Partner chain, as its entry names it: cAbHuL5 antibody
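Read the single chain below, which is given as C-alpha cells and is the form solved without the partner chain.
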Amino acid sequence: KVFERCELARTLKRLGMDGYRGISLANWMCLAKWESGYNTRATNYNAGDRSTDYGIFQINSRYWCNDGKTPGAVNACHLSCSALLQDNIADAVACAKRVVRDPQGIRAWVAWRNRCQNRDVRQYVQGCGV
C-alpha cells in the first residue's frame, strides 16, 4: 500500500516510533518518504552487491532480513524479507527499531543523511495529530 502522509504518521506513532532511541517521528517520516514514497510493496535490487532493499523503509537484505539469494547475508530482524512487503507495517517497524539499536542509529540509511539530517523535518508531521 501507499500510505498518505498523516495516516503513516499516526500509524508509526501508535507503533512506538516517536523518540525510539532518540529518533523523532518526523525523522522516521522523512526516511520513509525518501526511501519509498510511503510505499510498503517497494523493492530495489542493488546489482552492485546482490542485495535487495524491501518495503517502506527500504531495509536491506545483507544484514536485516532473509531473502536467501543475498551472498553471505544475515537476518538480524529474524524475518523473511517478505514480511517487509506487507501492508501492515508492524514487522517493518520492529525491524527498523532493530537497525537503530546498532551504533550508527538512524545514520544507517544514507538517504536519511542525504535528505533528512540537519534539515527542518517538521513539515513531515504538520497537521497529522502526532
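Positions refer to the first chain, counted from 1. So that the term is clear: the rigid core is the largest set of C-alpha atoms that superpose within 1.5 Å between two forms.
The segment moving more, judged by mean Cα distance from this form in 4 other deposited structures of this protein after a core overlay, is 43-51 among 26-34 and 43-51.
Stretch comparison (55-63 versus 72-80) by mean CA B-factor in the PDB entry places 72-80 on top. As recorded in the PDB entry, 41-49 is the stretch of 41-49 and 91-99 with the greater mean C-alpha temperature factor. Looking at the C-alpha B-factors along this chain, the one for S36 belongs to the middle third. The PDB entry assigns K13 a C-alpha temperature factor belonging to the middle third of its chain's modelled residues. Among all modelled residues in its chain, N118 ranks in the highest third by Cα B-factor. Among the modelled residues of the chain, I106 sits in the middle third by CA temperature factor in this PDB entry.
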